[PDB]
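Engineer: enclosed are the sequence and the experimentally obtained structure.
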Amino acid sequence: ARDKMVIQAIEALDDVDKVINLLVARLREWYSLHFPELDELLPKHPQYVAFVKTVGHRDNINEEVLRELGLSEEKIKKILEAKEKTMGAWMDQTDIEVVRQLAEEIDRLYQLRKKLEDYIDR
Amino acid sequence: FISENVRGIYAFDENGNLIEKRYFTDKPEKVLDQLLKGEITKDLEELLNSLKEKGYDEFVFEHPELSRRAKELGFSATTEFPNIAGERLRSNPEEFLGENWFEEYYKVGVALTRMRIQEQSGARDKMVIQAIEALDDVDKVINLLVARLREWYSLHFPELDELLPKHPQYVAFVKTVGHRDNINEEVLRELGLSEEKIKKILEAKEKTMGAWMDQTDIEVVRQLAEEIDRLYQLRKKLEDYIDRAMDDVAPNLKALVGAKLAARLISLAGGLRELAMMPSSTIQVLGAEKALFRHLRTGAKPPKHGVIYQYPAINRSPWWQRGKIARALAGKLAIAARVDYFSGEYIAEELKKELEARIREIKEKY
Amino acid sequence: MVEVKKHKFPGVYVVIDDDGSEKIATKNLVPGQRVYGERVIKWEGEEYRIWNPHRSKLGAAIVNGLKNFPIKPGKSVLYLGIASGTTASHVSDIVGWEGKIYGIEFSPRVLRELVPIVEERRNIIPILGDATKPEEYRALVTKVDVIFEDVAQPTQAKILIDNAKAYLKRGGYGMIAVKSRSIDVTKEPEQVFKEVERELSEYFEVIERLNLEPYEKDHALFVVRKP
Amino acid sequence: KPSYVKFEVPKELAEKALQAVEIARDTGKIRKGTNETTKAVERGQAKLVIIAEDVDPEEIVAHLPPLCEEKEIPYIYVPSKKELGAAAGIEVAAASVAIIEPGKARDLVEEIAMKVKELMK
Amino acid sequence: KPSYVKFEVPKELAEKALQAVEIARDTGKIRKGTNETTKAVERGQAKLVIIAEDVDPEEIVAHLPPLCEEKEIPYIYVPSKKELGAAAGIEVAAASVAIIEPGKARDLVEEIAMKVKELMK
RNA sequence: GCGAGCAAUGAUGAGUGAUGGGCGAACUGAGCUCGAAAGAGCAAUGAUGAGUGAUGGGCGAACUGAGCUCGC
RNA sequence: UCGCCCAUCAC
RNA sequence: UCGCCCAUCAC
């Protein structure tokens, strides 16, 4: 069946890219209730997901969680100055657990996108 | 005499025989959290009234502070953790609870441990509306990726698609069974299918019309089914959040100015209706007593503040800022009363953040 | 590429690794589950999980040649300072579907990661409360066959002894991993281990003592019987 | 769209009430912002009140319609608080505006009142 | 009479607890004031704790008796917070004082612990 | 002692490490601030010290590329 | 590719 | 400065 599976693997990569764009739009609109400054600073969807996985609660930021993620110093001269004066509100440390878990689930979908590109070649 | 447990609360005699036991009348995970941290509950009030009406008085409990609340309330209470009630009940539950007692321990113990963390978001009704859209968007991605999974797997075994139409059962088949020549009668019962469904599927094992997937073609289709399994776990993560967070309710004035000051200010206005109607300029001066009188009747200087002077960022504060803070407090107070009265939603930590920005700006200016 | 074999204790397994070394393991309580991100091992209709002695005092003590292991299939056990368990979770695999495990934790976060795993590890029950204060969890536990402590808090001698007054049966056993620094940071570890040996023998028959070098330093493991 | 509205309208009446603010401001007597609107509302003296459709949180103006029934005065809404502030001559926004004396605009405010009394019904 | 003085203290041992503070002051290891008492009463091996009889509100030290029953430690009291501060060597007051090492006071702590354990019984 | 096998079309070295979240080894434990200055007020029922964010100067930093293996 | 020290501003 | 438990992943 493999010449038909070429078509299904190509469509699966665009379908996986479409559901990643959808769940990251949901993650952006939800995390904007806690720290909305991130949405025009980070256009690269996987860096927005890796931030919400690694930071979780917006009050626990430092340089390491930005620098190790490969944000430049030209991005670290933002985020940190918004610690208290972000235009966002406050989600709780106890409520944001579901949004941290949503971000770890979406990081598994970048692995699915990569598993499908490893099969498109094949 | 008393022993303290999950399958209700228990009473035993000096010789270690049962007298009575009673089951709980609120959610047992909340009843255990009270009894374990040493405050007494309605079903134990009834069991000790039963023990009193039987003609006993020597009420030895397991716990010291549960026994404190008991003798502080007025009961004849003492404490011994190894007393003959607990030494019987925890040695052999079979005599008292029934043989499946560990199911009842399990189902409440894991719930108590999942529940022992407190909650205080700033605008939680909005922060749950986003989870209601996440439930709509989660079924929307499941109903997309499973369409790709159906169309791709039906190249190899199409005799399944119209036969397992409920999407989770098709995903579990493609995850756990996978390749079509694995299919046998036993693994379909290990998947939870009925005999009426297992006459079919096995019908097709000898005669399918699908074209071949090889050993690591079926693997990427299994990887897709293994990641869609986690999207059903994510649906449980959202269902368990909605069942916990969508039952919350909190007043705004109670958080912005504190309960006792909010409750006082509501009555100097005549009512919460008036506090939700009146202007900030009047809400500023409510209950100033004879300072407001001499501003009207004697034509003196207006008072800078009424009962809002008891606000915890005005009462201690130096003169340069007390008036500036009182004006912005009266505006933000008029908003919080309007939210509690017209809307019944919660935003009070946003209203605090804005007044806190104005207080920081007052320091930065003066 | 490995060979799977039985160990000297029931419910415990060994693998012969591709490196040509013996490594310790258990048969996974349910197959397909992950528990500490670990090296899981597929077999001919079975699944196994490693018990890593390079980050587990229980595994390291077994490699240092611990003699007396009282945890066996179908039995009842209490663990004090469990979290979820790179070192600890393997008691659920060894005790298996017919036995009972209580996991008690004081540390106010980590037990939240055991809570999902027990939606299939249904022989464990997790309870949050101070292991120093055996009254904290009284409603969700019973008498048991074995008690364990492995975090080595400053209170650890009281943690095992007073839990073993309320929760240990006649002909029951226990285990404790003792570290000197939690009781005194200045006097010799082997001297602090004597002060614990003379307090522990004030309530138990002490059946074994082991030092955890050359894995982990100034930590020791003791094994006890209640008569 | 906010909760506090009581009747539907097109741009009809609403663009004429914004036009009335643009001539009452410098021929008559006016106040701007919701606590000054509320002073002129509670002590009756506002002859017409204008409120925005985009107040956020919406709740700060939600008293103005029922309080204008309680005292018997006409009320109307307009599509943006920044444009209402600019019509009131200020450089910020305004959630509401109050007419105390129409100045030259009397026939125009009387048309607005007479046609709003077709909808408060 | 406050709720924390749960046993009747005689004309003996009280002055010996005062003396135990005086001689631990330069020779043992010691903390003074009730929050520092509280942390050295939880943490490590305290040997003895001392309270005043005139602490008001009584609630601030009312935690020390049940905290000593959970952890097998003796407690005793002396007639005044101002004298207990002067015994610790500070010109203010102290509601309580805690002994971590007795220094010279070791035979005094042994006599107090032996006699109080059989008094309360 | 001497030879033998392999190798720049790649010899050698390492069972050990990464990223994320808490707890424990007794936080400091009495000074501070106003005043011409003695003095006065606050403080062990907690004085003081320990913040986050940003601006400027200075200081430092680590794969090899041929050895490996043996019989008597 | 990353950390550390000193001097300094706003709250 | 020095330890103990924890998820997830590697050379």
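Structural biologist: Great, that's in hand. Numbering: from 1, shown residues only, chains lettered A, B, ... in the order given.
Engineer: next one: stretch D:97-116 to chain centre, how far?
Structural biologist: Chain-centre distance of stretch D:97-116: 10 Å, with C-alpha atoms, centre = their mean, to the nearest Å.
Engineer: try stretch D:30-45
Structural biologist: 10 Å.
Engineer: so what touches that stretch?
Structural biologist: B:277-282, B:331, B:334, D:21, D:24, D:46, D:49, D:51, D:60-61, D:63-64, D:67-68, D:71, D:73, D:85, D:88-90, D:94-100 (C-beta atoms under 8 Å, 6 or more residues apart in numbering or on different chains). For the C-beta atoms, the positions are set from N, CA and C on the backbone; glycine is no exception.
Engineer: you'd agree residue D:87 is up against residue D:15?
Structural biologist: No - look at residue D:87 against residue D:15 with C-beta atoms under 8 Å: they stay out of range, at 10.9 Å.
Engineer: phi, psi of residue C:49?
Structural biologist: phi -130, psi 140 (degrees, to the nearest 10).
Engineer: repeat that for residue A:101.
Structural biologist: The phi/psi pair for residue A:101 (degrees, to the nearest 10) reads phi -70, psi -40.
Engineer: quick one, which of residue D:87 and residue D:15 is more surrounded?
Structural biologist: The neighbour comparison of residue D:87 against residue D:15 (other C-beta atoms under 10 Å in any protein chain shown) goes to residue D:87, with 21 against 12.
Engineer: once you drop chain neighbours, what's closest to the more buried one?
Structural biologist: Nearest residue to residue D:87 in three dimensions, chain neighbours excluded: residue D:21, at 4.5 Å (C-beta to C-beta, 6 or more residues apart in numbering or on different chains).
Engineer: for residue C:142, same thing?
Structural biologist: In space, residue C:142 is closest to residue B:90, 4.9 Å off (C-beta to C-beta, 6+ apart).
Engineer: and that neighbour, how many neighbours does it have?
Structural biologist: Using other C-beta under 10 Å, residue B:90 is surrounded by 20 other residues.
Engineer: residues touching it, list them.
Structural biologist: With C-beta under 8 Å, 6+ apart, residue B:90 has these contacts: B:3, C:138, C:141-143, C:166-167.
Engineer: which of the residues you listed fall in helices?
Structural biologist: Applying DSSP state H to the contacts of residue B:90, the entries found in helices are residue C:166.
Engineer: mind picking the two most distant members of the contacts of residue B:90?
Structural biologist: Greatest spacing in these, by C-beta to C-beta: B:3 and C:167 (14.0 Å).
Engineer: sec struct for the most centrally placed residue in chain C, please.
Structural biologist: When chain C is reduced to its mean C-alpha position, the nearest residue by C-alpha atoms, centre = their mean turns out to be residue C:88, at 4.8 Å. Here residue C:88 is coil, with the state taken from DSSP: H, G, I helix; E, B strand; the rest coil.
Engineer: equivalent analysis for the one 5 residues further on, please.
Structural biologist: The local conformation at residue C:93, judged by three-state DSSP, is helix.
Engineer: was I right to think it contacts residue C:29?
Structural biologist: Yes - counting by C-beta under 8 Å, residue C:93 does reach residue C:29; the two are 5.1 Å apart.
Engineer: hey, what's in contact with both of the two?
Structural biologist: Taking C-beta under 8 Å, 6+ apart as the criterion, residue C:93 and residue C:29 do not both touch any residue.
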